[PDB]
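J.:
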Amino acid sequence: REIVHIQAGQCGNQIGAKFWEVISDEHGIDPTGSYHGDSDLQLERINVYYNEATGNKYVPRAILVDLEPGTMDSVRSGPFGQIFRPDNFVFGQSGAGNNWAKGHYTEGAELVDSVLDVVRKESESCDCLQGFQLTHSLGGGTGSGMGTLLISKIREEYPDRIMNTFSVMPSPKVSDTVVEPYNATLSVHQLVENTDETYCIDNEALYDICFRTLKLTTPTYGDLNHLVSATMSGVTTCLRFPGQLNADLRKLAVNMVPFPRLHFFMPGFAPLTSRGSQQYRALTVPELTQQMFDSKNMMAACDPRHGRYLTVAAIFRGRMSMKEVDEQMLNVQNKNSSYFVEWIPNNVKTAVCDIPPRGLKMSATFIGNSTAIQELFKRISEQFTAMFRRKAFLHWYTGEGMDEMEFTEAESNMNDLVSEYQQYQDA
Amino acid sequence: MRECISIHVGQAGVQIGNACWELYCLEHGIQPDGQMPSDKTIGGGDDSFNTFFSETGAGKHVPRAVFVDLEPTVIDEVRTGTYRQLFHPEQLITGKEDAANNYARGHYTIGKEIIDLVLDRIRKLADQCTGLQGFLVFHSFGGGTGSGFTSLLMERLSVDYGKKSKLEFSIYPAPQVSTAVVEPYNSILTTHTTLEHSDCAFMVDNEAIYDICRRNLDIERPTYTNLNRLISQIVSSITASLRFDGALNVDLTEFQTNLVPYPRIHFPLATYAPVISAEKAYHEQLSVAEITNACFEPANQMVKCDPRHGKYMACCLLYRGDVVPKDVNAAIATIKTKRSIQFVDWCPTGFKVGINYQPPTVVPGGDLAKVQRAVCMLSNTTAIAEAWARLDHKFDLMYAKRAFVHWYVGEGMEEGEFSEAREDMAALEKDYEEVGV
Amino acid sequence: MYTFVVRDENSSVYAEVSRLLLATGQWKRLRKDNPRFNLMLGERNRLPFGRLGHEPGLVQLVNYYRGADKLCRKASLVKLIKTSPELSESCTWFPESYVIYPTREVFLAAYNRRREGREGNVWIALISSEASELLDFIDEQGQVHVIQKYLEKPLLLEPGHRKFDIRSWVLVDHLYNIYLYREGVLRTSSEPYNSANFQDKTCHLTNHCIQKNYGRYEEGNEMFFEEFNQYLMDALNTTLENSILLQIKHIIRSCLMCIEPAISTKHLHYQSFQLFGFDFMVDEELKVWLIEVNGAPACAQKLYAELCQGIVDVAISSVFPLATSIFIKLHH
Amino acid sequence: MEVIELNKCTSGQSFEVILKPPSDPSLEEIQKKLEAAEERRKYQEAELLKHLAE
Ligand SMILES: Nc1nc2c(ncn2[C@@H]2O[C@H](COP(=O)(O)OP(=O)(O)OP(=O)(O)O)[C@@H](O)[C@H]2O)c(=O)[nH]1
Ligand SMILES: COc1cc(C(=O)c2cnc(-c3c[nH]c4cccc(C)c34)[nH]2)cc(OC)c1OC
Ligand SMILES: Nc1nc2c(ncn2[C@@H]2O[C@H](COP(=O)(O)OP(=O)(O)O)[C@@H](O)[C@H]2O)c(=O)[nH]1
Ligand SMILES: [Ca+2]
Ligand SMILES: [Mg+2]
Ligand SMILES: [Mg+2]
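Chains as they are written, first to last, in the entry's author numbering: chain B, 2 to 428; chain A, 1 to 437; chain F, 1 to 103, 128 to 149, 161 to 247, 252 to 362, 372 to 380; chain E, 6 to 28, 44 to 74.
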């Protein structure tokens, strides 16, 4: 059951590259795509993310997309750039200028068919394609605008497959440009209709985790991406390794998503770790459980205590007593029953994987469909209207052919999304 | 002799079929290559074990069984496992992508595409049957295939085999081993559609099998392999009369005659004892009165409920091992005085008993210990309706918010089929209510 | 921390227990329909016993015994005694009783015997001396009532010729230990007793509210045990224990050990305790009779503090430990 | 009490002890529900591919 991975834009390719670094290392694949590992459990489900090339080399089933060649040239020169298929690099030249309209309507349109051709070439060789995962950001132009254009076009050509995104939400604490609320609000409107599962990775939360918990005084995008590549390895554990649940992208959406629009999950990771610095005192399972439900480990700046969990999926990596895991997971549900909806029974799921991530003896990844995620969309909706009611910076978009209406519409659909999350918060 | 065809649907059905057929082979002295030395009639026979195994001129004994999953992962293990040579591949049927925990996907979308293939492969087994009595269907309530495709298959067998009996071994869903949050939906949807097409259904609540494995086998975290090897002993107890010489429950129609006086109320409660650990070698062998007494402790039931607060409509005792009728009647008299065994006014307060002297067999290196005598009680008691209420409540909690209903409508189902199924279940609880008070 | 839910808000008793439970810092109250509870103070109509004991990692306890209605429903109480060879033939402590269905033979079969023996032929549902005045009266109701002998020779406190009944509170825990509360109550009629023409409504049928006088001799018509023992001591040269309590403890033990194999939760997937309330009557021969069993009882305002605590000590915290006695264990 | 109908075999025996006496759809109609849901499948998908056309 193969997955086709797509990374678009600066942020898309950087967290995209690190992801392939992390999971290649976990599966024992080298920058040359040759398997030098010590366990056949590394290979059992390697076809999900890797194609088997000639000479038994492994090539990521990955498509790299950008409207300028800068970031993708850096990936190719990066640590693992040689593992990627060179035909799967698809770049433009003029760039999208942190402009949703350029990625979605004008500059992206020239390039979008060249990408879909590479997508088709990868899907055709799949035994049984289950779906796609897109890494991108919502604040820029290429990943924000062209990414949501590919999603709409992939839905056209593969309407019965799963669309998965790791979408990086913008924050003034980590801000490239004042138009980021415009780009995100236009992308969220697309994600609501054309994705099945979206991991809301808020740069606001990644900064606070780097600054406050990790005591990094001035963190880089590489420090934030370290947190992202660890989360992405977590949420993909049951895909990449064998388990009891017979895990696929569709079953995840069936069980996580009670209503089709409310498919925006808060990721979480434990323990939280900085780069290079190693932790030697391993954790107790009570510590893993307690941290992964703690707001300080949430990758979206929302307080889950300000909402209620519709569904939760926890995945533990490492050698540990699964009876203790069950006891501890049952403990937090029973101690905090008010923060779980009572009309969805048995709405917490726990899987375990024996293989730990490089660095830690045991980890825990958290995925949550909380109604507190509205706090994130409220943030974007406020930052949006602060500019929009003066029509500020709108010339950047109308010059590319867009109308004021399309902004007003996107504003309303997101505000609707907020009120729906509030609908089920007060049940 | 009259043949019975076993059909295993979905992961739970397939894996339990493995558990049962491995045990069936050990009981009948059949080897993983199909050879049965003790069988002198080579290439044929109307013996009782031929009710479940047909024969080839080469001396192989082949299960009258078909395995169907909408995904190859579980059945491919059968194709490569210890008993790979037992089945011919036309009996192992796989799709490419499962029903994703969705009844509507298993019944309509993927089921419609493969139902005719399965029925054709089933017809190949029926055309080796001089007199077919019916089918034994193994499935789960919770999976999309186990729930969706089974109700489709069961509707069709009523058409193609109208007069043949159909029995169910159904796995009732339990959070301790739950694969999906929508399993109450799948359970109610499948039971409603299948009810008219099933003659007798033995529900096995995974919660019961879990706790039994934990208490009596001292397994802190039981596996599917742990659960299924226990279940196969209960299934073996129920089918033994069809595979061995005996007077009780010889045809499939006797199960409904002895256990089902009312058509809708066809869910007997199975109770099995003794379950003793293989690691505990220091043991104390339980008498007839001790194991019969355990049949009325709810901890040994395949569904947790309180028979004392319900009425019985029929009660069978299936003993295996060193048992004589005198000790049985003595045990019954002792128990009758000390336990709340109320029968309905329209049925006799009797017990139908059968005894097989071959003691229960155990898988070598299993978790179950070899015992001198075992019993399986089959009681049709209204107290089992507790399981329906539990299931229907969880259904009512989610459906009030129409949670997850869109995944089902997105496959062609209508919201009204949910309400049809829940009303049927609501009637089923009332039917159990009238009989029990 | 332990968790509990409250599904009977009119419970005079368990209102206090949830108050005491919260006031420990080790118990949190959830919403009524939250399934992840350690303890349930369930309702009185259709308590969902079938849904209890199925939460993983949760020891569930409930304050009601499934099947105790047959002891607390008069029509079934009567049926329980006539049939059970644990109480048959004629347990010398239960009034000769009969159940009557409104639109039967045995009620008349012995009614003649007590006018043709010229015996005490008074009965009770409300009261009357003639059969037709109740059989036709029950037919007026539609609800099935029971009919039984009316004890015409009551013991009477002095001064005042006061008729009373005795209510002892009993607590059975998950181990089926029978705990009799050391403090009982006498609900004395505050008005003297009529003995011949009983058409007078509340002149003799003692109910705590039917007397609505009510609160004259001692507050609330409630004489506690320390006084009733002293009256017997001074007025009859005996004690409450010998004259009355040995029989009360016998009947409680007898009634509760009868239905024990039917309601016990010894090996169930959920545990159960229940507070019962027995109602007794004493005649002039110092002979204790069983009026009714009340499975949803209420205490007296002087004793709530002490009783509603002993429930927590021996019936709740014995299953959910934290970090002299007021009961009398009736051994069996 | 009363043991009745005892049949003895070499593998075992059977009997019945009493303690007290007492006191389908058509293949046609299947497709008219099966196929009627493949159509709702396609009506919903058409409205999607139409919405993507706009
Ligand atoms: N006792 C037992 N229960 C099982 C087994 N496998 C799955 N289950 C239970 O079955 C339910 C799900 O049914 P599955 O058989 O896994 O579903 P399926 O038939 O494969 O349907 P799909 O969703 O298409 O995969 C869960 O509640 C499990 O607890 C098994 O091998 N033994
Ligand atoms: C445990 O996490 C996951 C689970 C699945 C998965 O296939 C799955 C199948 N069935 C369930 C659930 C069953 N009951 C639930 C209650 C709440 C939440 C969930 C997910 C469930 N999950 C897939 C995942 O990656 C694709 C995944 O991430 C690592
Ligand atoms: N976490 C993280 N965020 C990034 C990274 N690069 C850019 N961003 C965020 O993404 C937004 C800029 O979008 P960008 O990807 O550079 O524009 P694009 O090339 O048109 O897709 C800003 O809000 C940045 O904070 C990165 O490497 N890591
Ligand atoms: Ca033969
Ligand atoms: Mg940038
Ligand atoms: Mg399956």
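Just so you know, even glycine gets a beta-carbon here, dropped at the ideal spot from N, CA and C.
For a contact meaning CB atoms closer than 8 Å, what does residue 157 (chain B) contact in chain E?
T.: As a working mapping, residue 157 (chain B) is identified with position 156 in the first sequence. Result: 69 and 72.
J.: Residue ranges of each beta strand (DSSP E) run of no fewer than 3 residues wholly in the segment 193-276 of chain B, ordered along the chain?
T.: When DSSP assignments are scanned along the segment 193-276 of chain B, the uninterrupted stretches of beta strand (DSSP E) that are 3 or more residues long and fall wholly within it turn out to be 198-203 and 265-271.
J.: Relative to ligand 4, what is the chain-ordered list of residues with a Cβ closer than 5 Å to any of its non-hydrogen atoms?
T.: A:39, A:41 and A:45
J.: Listed in chain order, which residues are found with a beta carbon closer than 5 Å to a heavy atom of ligand 6?
T.: A:11, A:71 and A:98
J.: Going by other Cβ atoms of all chains shown within 10 Å of its Cβ, with 16 needed for buried, is residue 345 (chain B) buried or exposed?
T.: In the first sequence, the residue the question calls residue 345 (chain B) occupies position 344. Residue 345 (chain B) should be labelled buried.
J.: Which residues, in order along the segment 36-48 of chain F, keep a beta-carbon less than 9 Å from a beta-carbon of chain B?
T.: 36, 37 and 38
J.: Give a yes or no on whether 8 Å exceeds the smallest Cβ distance from residue 56 (chain F) to chain B.
T.: Translated into the one-based positions of the third sequence, residue 56 (chain F) becomes position 56. For residue 56 (chain F), the answer is yes, since a Cβ of chain B falls inside 8 Å of its Cβ.
J.: Output the boundary residues of the beta strand (DSSP E) element that contains residue 397 (chain B).
T.: Translated into the one-based positions of the first sequence, residue 397 (chain B) becomes position 396. Taken as a continuous stretch (DSSP letters only), residue 397 (chain B) belongs to no beta strand (DSSP E), being part of the alpha helix (DSSP H) at 396-399.
J.: In the DSSP assignment, find the unbroken beta strand (DSSP E) run with residue 366 (chain B) in it and report its ends.
T.: Numbered from its first residue, the first sequence carries residue 366 (chain B) at position 365. Here the beta strand (DSSP E) through residue 366 (chain B) covers 363-371.
J.: Using a strict less-than 5 Å threshold between each residue's beta carbon and the heavy atoms of ligand 5, what residues do you get?
T.: B:11 and B:177
J.: Give the DSSP-derived three-state secondary structure of residue 159 (chain B) in the structure shown.
T.: Looking up residue 159 (chain B) in the first sequence gives position 158. In the structure shown, residue 159 (chain B) sits in coil (DSSP, three-state: anything other than H, G, I, E or B).
J.: Given that residue 52 (chain F) touches chain B, what residues does it touch there, using C-beta distances under 9 Å?
T.: As a position in the third sequence, residue 52 (chain F) is number 52, starting the count at 1. Result: empty, since nearest Cβ-Cβ is about 15 Å, beyond 9 Å.
J.: So, does the segment 224-237 of chain B touch the segment 366-376 of chain B, judging by three or more C-beta pairs under 8 Å?
T.: yes
J.: Suppose the cutoff is 6 Å on Cβ atoms and the five residues either side in sequence are ignored; what does the same chain contact list for residue 295 (chain F) look like?
T.: Position 256 of the third sequence, counting from 1, holds the residue named residue 295 (chain F). Contacts found: 213.
J.: Can you tell me which of the three DSSP states residue 289 (chain F) falls into?
T.: In the third sequence, the residue the question calls residue 289 (chain F) occupies position 250. DSSP places residue 289 (chain F) in helix when its eight states are reduced to three.
J.: Short of 7 Å in beta carbon distance, which residues of its chain neighbour residue 264 (chain A), apart from the five on each side in sequence? Order them along the chain.
T.: As a first step, residue 264 (chain A) is located in the second sequence; it is residue number 264 there, counting from the start. Same-chain partners within the cutoff: 195, 428 and 431.
J.: Report yes or no: do the segment 56-73 of chain F and the segment 349-362 of chain F share at least 3 C-beta pairs separated by less than 8 Å?
T.: yes
J.: Rounded to whole angstroms, what's the CA-CA distance from residue 41 (chain A) to residue 51 (chain A)? Just pull it up for me.
T.: On the second sequence, position 41 is the one that residue 41 (chain A) refers to. On the second sequence, position 51 is the one that residue 51 (chain A) refers to. So the two alpha carbons sit approximately 15 Å from each other.
J.: Quick one: what does DSSP say residue 311 (chain A) is sitting in, helix, strand or coil?
T.: Along the second sequence, read from residue 1 onward, the residue named residue 311 (chain A) stands at position 311. Correct three-state label for residue 311 (chain A): coil.
J.: Under the assumption that residue 134 (chain A) contacts residue 252 (chain A) (Cβ atoms under 8 Å), give the Cβ distance between them as a whole number of angstroms.
T.: The residue labelled residue 134 (chain A) in the question sits at position 134 within the second sequence. The residue labelled residue 252 (chain A) in the question sits at position 252 within the second sequence. Between residue 252 (chain A) and residue 134 (chain A) the Cβ distance is about 5 Å, and since that is below 8 Å, they are a contact.
J.: Is residue 2 (chain F) helix, strand or coil by DSSP?
T.: By one-based count along the third sequence, residue 2 (chain F) stands at place 2. Residue state, collapsed to three classes: strand.
J.: Given that a residue counts as buried once 16 or more other Cβ atoms are within 10 Å of its Cβ, and exposed if not, what is residue 161 (chain F)?
T.: Indexing the third sequence from 1 puts residue 161 (chain F) at position 126. Result: exposed.
J.: Just checking: is the beta-carbon of residue 261 (chain B) within a distance shorter than 8 Å of some beta-carbon in chain A?
T.: Position 260 of the first sequence holds residue 261 (chain B). With 8 Å as the cut-off, residue 261 (chain B) counts as an interface residue toward chain A.
J.: Please report the straight-line C-alpha distance between residue 192 (chain A) and residue 5 (chain A), rounded to a whole angstrom.
T.: Walking along the second sequence from the start, residue 192 (chain A) turns up at place 192. Walking along the second sequence from the start, residue 5 (chain A) turns up at place 5. When rounded, the distance between both Cα atoms is 24 Å.
J.: Sorry if obvious, but does the Cβ on residue 94 (chain A) come closer than 7 Å to a heavy atom of ligand 1?
T.: Residue mapping note: residue 94 (chain A) aligns to position 94 of the second sequence, counting from 1. In this structure, residue 94 (chain A) has its CB at a distance of at least 7 Å from all heavy atoms of ligand 1.
J.: Going along chain A in order, which residues have a C-beta closer than 9 Å to the C-beta of residue 57 (chain E)?
T.: Numbered from 1 along the fourth sequence, position 37 holds the residue referred to as residue 57 (chain E). Those are 104, 107, 108, 109, 112, 411, 412, 413 and 414, listed as they occur along chain A.
J.: Is the beta carbon of residue 63 (chain B) closer than 8 Å to that of residue 89 (chain B)?
T.: In the first sequence, the residue the question calls residue 89 (chain B) occupies position 88. In the first sequence, the residue the question calls residue 63 (chain B) occupies position 62. Closer than 8 Å, so yes.
J.: Can you check which of these residues, B:378, B:375, B:406 and B:400, is closest to residue 389 (chain B) by C-alpha distance?
T.: Numbered from 1 along the first sequence, position 388 holds the residue referred to as residue 389 (chain B). Residue 389 (chain B) has its Cα closest to that of B:406, out of B:378, B:375, B:406 and B:400.
J.: Can you determine whether any heavy atom of ligand 2 sits closer than 7 Å to the C-beta of residue 249 (chain B), and answer yes or no?
T.: To locate residue 249 (chain B), count along the first sequence from 1; it is residue 248. Within the cutoff, so yes.
J.: Taking 7 Å as the cut-off, is the beta-carbon of residue 25 (chain A) closer than that to any non-hydrogen atom of ligand 2?
T.: By 1-based counting over the second sequence, the position of residue 25 (chain A) is 25. Incorrect: residue 25 (chain A) has no Cβ contact closer than 7 Å to ligand 2.
J.: Answer yes or no: the CB of residue 185 (chain A) versus the heavy atoms of ligand 1, is any distance below 7 Å?
T.: On the second sequence, residue 185 (chain A) is found 185 positions in, with the first residue counted as 1. No, since every heavy atom of ligand 1 falls outside the 7 Å radius drawn around the Cβ of residue 185 (chain A).
J.: Give a yes or no on contact between the segment 219-226 of chain F and the segment 344-354 of chain F, applying the rule of three or more CB pairs nearer than 8 Å.
T.: no
J.: Whole angstroms is fine: what's the gap from residue 131 (chain F)'s alpha carbon to residue 164 (chain F)'s?
T.: For the purposes of this step, residue 131 (chain F) is identified with residue 107 of the third sequence, where counting begins at 1. For the purposes of this step, residue 164 (chain F) is identified with residue 129 of the third sequence, where counting begins at 1. C-alpha separation (whole angstroms): 14 Å.
J.: Leaving out five residues before and five after residue 108 (chain B) in sequence, what residues of the same chain have Cβ atoms less than 7 Å from its Cβ?
T.: The residue given as residue 108 (chain B) occupies position 107 in the first sequence. The residues 68, 93, 95 and 97, in chain order, have a CB closer than 7 Å to that of residue 108 (chain B) in the same chain once the five nearest residues on each side in sequence are set aside.
J.: Please confirm whether residue 252 (chain B) and residue 18 (chain A) have their CB atoms less than 8 Å apart.
T.: The count along the first sequence starts at 1 and reaches residue 252 (chain B) at position 251. The count along the second sequence starts at 1 and reaches residue 18 (chain A) at position 18. No, these two residues do not count as a Cβ contact at 8 Å.
J.: With 8 Å set as the bound, which would you pick, yes or no: does the beta-carbon of residue 266 (chain A) sit closer than that to a beta-carbon of chain F?
T.: Numbered from 1 along the second sequence, position 266 holds the residue referred to as residue 266 (chain A). Not closer than 8 Å to any Cβ of chain F, the Cβ of residue 266 (chain A) fails to qualify, so no.
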